[PDB]
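**Student:** Sharing a structure, written as structure tokens. Questions coming.
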Amino acid sequence: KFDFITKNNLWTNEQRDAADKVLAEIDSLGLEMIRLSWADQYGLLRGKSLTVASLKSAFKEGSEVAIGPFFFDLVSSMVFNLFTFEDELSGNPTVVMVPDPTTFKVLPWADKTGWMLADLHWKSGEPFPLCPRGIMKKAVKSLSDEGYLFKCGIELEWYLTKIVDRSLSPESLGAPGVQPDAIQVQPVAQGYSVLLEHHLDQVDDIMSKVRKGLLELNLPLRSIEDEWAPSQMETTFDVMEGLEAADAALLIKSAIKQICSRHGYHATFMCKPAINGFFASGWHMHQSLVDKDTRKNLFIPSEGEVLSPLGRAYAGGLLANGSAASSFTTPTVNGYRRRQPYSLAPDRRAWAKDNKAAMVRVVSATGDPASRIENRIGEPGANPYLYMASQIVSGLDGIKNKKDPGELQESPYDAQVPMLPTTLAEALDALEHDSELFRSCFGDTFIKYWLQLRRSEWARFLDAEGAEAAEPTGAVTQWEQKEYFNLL
Amino acid sequence: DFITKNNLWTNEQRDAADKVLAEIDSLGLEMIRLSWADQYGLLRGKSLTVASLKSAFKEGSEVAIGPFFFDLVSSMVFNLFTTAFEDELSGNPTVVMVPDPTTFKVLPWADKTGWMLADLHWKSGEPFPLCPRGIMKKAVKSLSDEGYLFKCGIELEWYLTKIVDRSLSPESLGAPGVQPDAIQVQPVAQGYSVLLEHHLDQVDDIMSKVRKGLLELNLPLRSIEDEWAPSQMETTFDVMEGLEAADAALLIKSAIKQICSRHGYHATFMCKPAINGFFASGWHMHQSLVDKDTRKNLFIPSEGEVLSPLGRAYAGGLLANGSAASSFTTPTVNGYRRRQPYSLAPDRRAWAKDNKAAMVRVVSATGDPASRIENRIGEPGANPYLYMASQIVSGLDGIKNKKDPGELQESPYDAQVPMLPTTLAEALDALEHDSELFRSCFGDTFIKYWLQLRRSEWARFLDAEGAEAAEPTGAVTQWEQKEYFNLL
Ligand SMILES: Nc1ncnc2c1ncn2[C@@H]1O[C@H](COP(=O)(O)OP(=O)(O)NP(=O)(O)O)[C@@H](O)[C@H]1O
Ligand SMILES: Nc1ncnc2c1ncn2[C@@H]1O[C@H](COP(=O)(O)OP(=O)(O)NP(=O)(O)O)[C@@H](O)[C@H]1O
Ligand SMILES: [Mg+2]
Ligand SMILES: [Mg+2]
Ligand SMILES: [Mn+2]
Ligand SMILES: [Mn+2]
Ligand SMILES: [Mn+2]
Ligand SMILES: [Mn+2]
């Protein structure tokens with residue numbers, strides 16, 4: 001068989017050793033299938049399930065796939081002509097999924113099934129420019145080149161509901177460009193009784209299975225918590241690093257959804273479902289930089305500081321680029337329901353010490369290795385690679401250009417600072433009008449592609465619900481429910 | 001190491017932490033709940049993994065004070081958005097849950113789950129002033145400084161019902177400041193045949209599970225009894241001491257509710273549910289003081305006495321402060337349904353020997369170490385910490401000022417003594433106009449906070465049902481059912 005991986009130098013020695021160990025574990029465990037997957041532009045896992053023999057072949061030749069998913073939106077509108085590359089963004093070329101053996105997992109909820117991520121490459125051997133994991137890799141290398149590792153604490157809010165109807169009737173299936181029916185669900189608990197232990201116990205018949213699945217995947221689960229709204233959950237994780245953290249967040253969301261569905265439940269990372277009483281869910285990103293060699297947290301402040309100078313410049317970069325990065329931290333139309341004051345979610349580019357109204361909330365103390373920046377702007381349905389890469393790119397831009405975050409705001413909701421985009425369209429406008437950094441770091445081809453795609457989605461939303469409905473405080477529309485509830 | 005830096009663990013607590021970690025590993029536990037009682041006595045907190053708990057044994061676990069500024073339906077009674085603290089009572093600072101390893105339990109009804117209480121501290125290291133367990137700690141220390149230990153017999157009445165509908169439909173979930181629907185239930189047995197053995201047998205398929213859970217928690221279960229009303233139960237426990245006794249009462253109520261819910265039943269400590277035929281439930285507090293060194297009961301009477309002089313003065317303090325303490329022993333609007341005569345509940349500040357019509361009932365015999373005071377004023381839904389601490393503070397005040405209870409009442413419902421508050425508002429007035437003692441021991445800030453919070457709750461009740469509805473002999477309102485039935 002042709003060895004595409006060796007010829008194109010796509011595996012490190014570490015990856016090759018891991019490939020040997022992975023095959024040994026597959027044999028020892030008697031696995032029958034190994035999923036080969038990769039995140040699309042929305043963070044959703046696409047790929048194939050291979051047999052053992054086919055995976056062994058893929059460890060030399062890769063596995064061919066079409067780029068179709070990149071040119072579809074969530075309902076398979078054809079945004080880019082698959083029938084008619086970086087210049088025109090058209091066609092259906094074949095790319096090669098090259099497995100990343102360091103990502104291998106055994107999926108506990110499935111029958112004799114393993115799981116692995118793949119990187120997309122042209123048959124020429126070059127990375128596919130639209131691959132979001134590749135964009136995270138570029139961000140990680142840019143940060144390594146400067147002496148730093150990205151340390152990230154994953155804090156995810158989500159909704160846990162019980163399935164009433166999976167909406168499988170032919171009349172509910174939609175069509176290309178036509179949303180299918182949302183799954184029908186029922187809340188699993190009452191709410192507005194935050195952090196209530198009895199809520200944790202009431203849902204633990206299924207939540208214990210979620211917990212066990214996450215632990216058995218060797219994910220660093222830290223806490224399970226009862227959030228404010230009915231059936232709203234929160235799961236946090238211990239600190240992870242760079243690509244691993246992004247891969248982990250991706251797998252975490254996938255595992256929660258799959259386990260829940262296996263038992264007749266529906267988990268969703270849709271920011272604010274159209275269900276009475278459901279409040280918006282957030283994805284706050286906890287971030288620190290550590291020295292590649294000394295492994296010390298370089299954000300730790302001395303006395304009379306809230307952050308080290310380096311951390312202060314990182315925060316400056318987060319603030320300065322918060323509008324341009326908005327479509328990456330907050331990619332869904334529905335995620336902008338959180339862009340309003342008095343929400344404990346951010347409406348403006350302000351930093352503050354421990355104040356949960358700020359976009360950038362600093363949590364720190366002299367000599368404390370937990371000292372960190374929390375960016376509260378993200379939504380749970382964000383693509384982990386694009387979210388984390390936007391954070392790295394913004395913070396590194398702040399360090400290189402010595403950006404100043406300005407004064408810590410005591411009342412962030414009164415701060416005389418730039419407002420954040422209130423709609424996805426505003427976020428795309430902000431990116432278009434301030435595109436240089438993300439063109440340079442994510443790639444010009446990717447930014448062109450991203451703008452075109454997301455704008456087509458906004459146009460669909462506008463056509464279905466009208467401009468008035470985009471107001472963040474307005475009720476969640478049926479378009480949002482039928483776009484995001486089932487898949488995110 | 002926040003705990004070591006602030007000297008927050010005794011050497012016994014550190015030894016206990018070692019043992020707790022060893023037991024967690026030996027049993028293969030996967031989750032450990034870290035909880036604390038809020039102002040209503042409800043358990044709030046997080047569920048942590050083994051790794052996260054090990055970290056919390058050094059740095060504690062951060063949590064927001066949100067629950068203290070919410071009422072039972074999450075009315076925002078204090079402004080979480082304006083950064084203040086003890087003068088302003090506003091804001092949303094982060095505090096540190098410091099685990100108390102001496103409280104560790106394995107929860108028998110849950111999957112591989114341990115459980116622990118936590119004390120709330122500012123990040124400066126000082127105790128958080130609104131924390132009710134801390135108020136109990138201060139009462140216990142105040143009592144110890146005088147040479148005494150608090151011995152308490154826990155006697156809880158409650159209702160056992162079978163769930164018909166958990167009221168989980170979106171239209172039933174309420175909203176912040178808006179009560180959700182009560183759970184719908186069915187009685188499990190007829191009543192008005194008190195202490196009937198056949199009733200005990202009829203309910204023992206579920207009551208046996210409650211019994212086993214309490215026994216496996218190593219709680220000193222003493223009796224299970226058929227109380228007067230249909231489906232009304234009573235569970236008593238052998239004598240416990242001080243802070244343990246309060247912690248145990250908290251765990252007892254939580255365990256009863258969780259076991260019952262796990263099996264499709266609803267236990268409630270709501271005083272008098274809006275269910276036809278349900279009579280009011282009480283929490284009589286059996287109390288004695290023991291000498292810290294001799295370990296002897298200092299209430300034991302001589303011949304021609306019903307209590308030693310010390311016990312008689314303690315009783316005097318209980319009576320003298322009974323109106324000011326009313327919101328603590330009887331914090332619920334619904335609990336004042338018991339403030340009426342000919343009820344076997346107290347309507348006045350009278351004491352008597354073995355008369356169940358009195359507030360302070362003496363049970364004693366010459367030289368009998370069971371000699372004690374039973375205060376019949378409390379309701380089952382009381383916060384264990386606030387109820388017990390109010391008792392300690394009142395009795396110690398009686399001792400210090402040599403307060404005289406007056407003459408024993410042969411007919412308490414005809415006694416020439418001050419009447420007890422008949423509404424929560426009256427109880428808050430009594431505390432406000434006579435606050436010095438409870439300000440001195442519970443703290444000014446807590447008393448200011450308590451008054452403001454409970455008055456907002458009374459205002460909600462008044463607006464929903466009118467003043468006319470507060471008359472104790474009136475029917476239980478839907479507001480009471482939708483405020484207390486689900487959570488208490
Ligand atoms: N140095 C660090 N760098 C990055 N993340 C860190 C660091 N130290 C701690 N974390 C992470 O920070 C997160 C803490 O989140 P959590 O305990 O939910 O509190 P919070 O996010 O500060 N508050 P909240 O919005 O109110 O829920 C965890 O994911 C930790 O692993
Ligand atoms: N010295 C003591 N100090 C405190 N509590 C004690 C003491 N001796 C016994 N007790 C407790 O007193 C309680 C007695 O409760 P119980 O047997 O129900 O009595 P009762 O007063 O007759 N109740 P009731 O008939 O329902 O009104 C138990 O919780 C005992 O553990
Ligand atoms: Mg959190
Ligand atoms: Mg009794
Ligand atoms: Mn949260
Ligand atoms: Mn957070
Ligand atoms: Mn009784
Ligand atoms: Mn009694």
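Values quoted throughout were computed directly from the atomic coordinates according to the rules given, and no laboratory measurement underlies them. Virtual Cβ from ideal backbone geometry, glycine too; neighbours counted across all protein chains shown.
**Student:** For segment B:287-297, take each phi angle, set θ = phi - 60°, evaluate the Karplus expression 6.51 cos²θ - 1.76 cosθ + 1.60, and give the result in whole Hz per residue in order, putting x for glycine and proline.
**Tutor:** Coupling constants for segment B:287-297: 9, 9, 10, 10, 5, 4, 8, 6, 6, 9, 6 Hz.
**Student:** Once Rh for segment B:405-457 is found with the Kirkwood sum over Cα pairs, what is the Stokes-Einstein diffusion coefficient at 10 °C and 1.306 mPa s, in µm²/s?
**Tutor:** 122 µm²/s
**Student:** Let me ask another. What is the set of long-range amide H partners of A:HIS266 at a cut-off below 5 Å, with H atoms built 1.01 Å from backbone N?
**Tutor:** A:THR161, A:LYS162, A:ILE163
**Student:** Setting aside same-chain residues fewer than 8 positions from A:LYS60, which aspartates and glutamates have a Cα under 17 Å from its Cα?
**Tutor:** Leaving aside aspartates and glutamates fewer than 8 places away in the same chain, those within reach of A:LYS60 are A:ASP3, A:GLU14, A:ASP17, A:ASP20, A:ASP100, A:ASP119, A:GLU126.
**Student:** Could you tell me what a quarter of the Cα convex hull surface of chain A works out to, in nm² with one decimal place?
**Tutor:** Answer in nm², one decimal: 23.1.
**Student:** Once the mean 1/r over all distinct Cα pairs of segment A:446-488 is inverted, what Kirkwood radius in angstroms do you read off?
**Tutor:** One over the average 1/r among Cα pairs gives 11.4 Å for segment A:446-488.
**Student:** One-quarter of the Cα convex hull surface for the protein assembly as shown, in nm²?
**Tutor:** 41.8 nm²
**Student:** Would you kindly compute the Cα radius of gyration of segment A:390-488 and its largest Cα-Cα separation (Dmax), both in Å?
**Tutor:** Rg, Dmax (Cα atoms, Å): 16.7, 45.
**Student:** Also, I was wondering about something else. Hey, what did segment A:209-292 get for relative contact order, percent, Cα under 8 Å, at least 6 apart?
**Tutor:** The normalised contact order for segment A:209-292 reaches 24 percent.
**Student:** While we're on this one: Which of the pairs B:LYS5/B:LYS296; A:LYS141/A:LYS448; B:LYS292/B:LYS402; A:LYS48/A:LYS209; B:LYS112/B:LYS257; A:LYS137/A:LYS209 have their Cα atoms more than 28 Å apart in this structure?
**Tutor:** Over 28 Å Cα-Cα: B:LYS5/B:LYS296; A:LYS137/A:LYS209.
**Student:** For segment A:245-291 and segment B:117-138, what is the separation of their C-alpha centers, rounded to whole Å?
**Tutor:** Here the answer is 33 Å between Cα centres.
**Student:** Continuing with the same structure: Of A:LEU408, A:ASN486, A:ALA430, which is farthest along the charge dipole of chain A in the positive direction, counting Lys and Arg as +1 and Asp and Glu as -1 at C-beta?
**Tutor:** Towards the positive end, the residue furthest out is A:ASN486.
**Student:** For segment A:241-350, what are the per-bin percents of Cα-Cα distances with bins 10 Å wide, up to the bin holding the maximum?
**Tutor:** Whole-percent P(r) values from 0 Å outward: 11, 30, 34, 19, 6, 0.
**Student:** So, one more: Set the Förster distance to 60 Å, then compute FRET efficiency between A:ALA66 and B:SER142 from the Cβ-Cβ distance, nearest 0.05.
**Tutor:** Approximately 0.20, to the nearest 0.05.
**Student:** Compute the signed sum of charges (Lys and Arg +1, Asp and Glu -1) over the other residues within less than 13 Å, Cβ to Cβ, of B:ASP434.
**Tutor:** It works out to a net charge of -3.
**Student:** How long are the three semi-axes of the equivalent ellipsoid for segment B:284-431, computed from the Cα gyration tensor as the root of 5 times each eigenvalue, in whole Å, largest first?
**Tutor:** Working from the Cα gyration tensor, I get semi-axes of 24, 17, 13 Å.
**Student:** Then there is this: Could you pull the Rg and Dmax for segment A:20-161, using just the Cα atoms, both in Å?
**Tutor:** For segment A:20-161, the Cα radius of gyration and maximum Cα-Cα distance read 17.1, 48 Å.
**Student:** To continue, here is another question. What average number of partner chain Cβ atoms lie no more than 10 Å from the Cβ of the residues making up A:223-230?
**Tutor:** Average per residue, whole number: 5.
**Student:** What percent of all Cα-Cα pairs in segment B:192-236 falls into each 10 Å bin, going from 0 up to the bin containing the maximum distance?
**Tutor:** 28, 54, 17, 1
**Student:** Based on the Cα coordinates of segment A:68-226, what is the per residue volume of their convex hull in Å³?
**Tutor:** In segment A:68-226, the Cα convex hull volume per residue is 215 Å³.
**Student:** Size of segment A:156-238 along its principal axes in angstrom, Cα-based, largest extent first?
**Tutor:** The Cα atoms of segment A:156-238 stretch 41, 31, 21 Å along the principal axes, largest first.
**Student:** Provide, as a two-decimal number, the C-alpha radius of gyration of segment A:213-293 over 2.2 N^0.38 Å, N being how many residues it has.
**Tutor:** 1.24
**Student:** Restricted to Cα positions, what overall size does segment B:263-312 have along the principal axes? Three whole-Å values, descending.
**Tutor:** The principal-axis extents, from largest down, are 48, 27, 13 Å.
**Student:** Roughly what % of Cα-Cα distances in segment A:119-163 sit above 14 Å, to the whole percent?
**Tutor:** Taking all Cα-Cα pairs of segment A:119-163, the fraction more than 14 Å apart is 67 percent.
**Student:** Report the Stokes-Einstein translational diffusion coefficient (µm² s⁻¹, integer) for segment A:299-351, Rh taken as the Kirkwood radius over Cα pairs, at 20 °C with viscosity 1.002 mPa s.
**Tutor:** The Stokes-Einstein estimate is 168 µm²/s.
**Student:** Select from B:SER323, A:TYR265, B:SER75 the residue farthest towards the positive end of the dipole of the protein assembly as shown; place +1 on Cβ of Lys and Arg, -1 on Cβ of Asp and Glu, and compute about the Cα centre.
**Tutor:** Positive-most Cα among the choices belongs to A:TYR265.
**Student:** Same structure, new question: Which value in deg cm²/dmol, rounded to the nearest 500, describes the helix-derived mean residue ellipticity at 222 nm for chain A, given -39,500 (n - 2.57) per DSSP H run of n ≥ 4 and division by the residue count?
**Tutor:** About -10500 deg cm²/dmol.
**Student:** So, one more: For a Förster distance of 60 Å, can you work out the FRET efficiency between the beta-carbons of A:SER435 and B:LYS212, rounded to the nearest 0.05?
**Tutor:** 0.35
**Student:** What does the net charge come to around A:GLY191 if you take all other residues with beta carbon closer than 11 Å to its beta carbon, with K and R at +1 and D and E at -1?
**Tutor:** Around A:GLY191, the charge tally is -2.
**Student:** Could you list, in their original order, any pairs among A:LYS138/B:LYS46; A:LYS272/B:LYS58; B:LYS162/B:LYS272 whose Cα atoms are separated by more than 25 Å?
**Tutor:** A:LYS138/B:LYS46; A:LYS272/B:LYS58
**Student:** To the nearest 0.05, what FRET efficiency results for A:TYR342 and A:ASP404 with a Förster distance of 30 Å applied to their C-beta separation?
**Tutor:** E(calc), rounded to 0.05, equals 0.60.
**Student:** Let me ask something else about it. Using the 10 angstrom Cβ neighbour count as an exposure proxy, how do A:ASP181, B:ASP18 rank, fewest first?
**Tutor:** B:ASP18, A:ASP181
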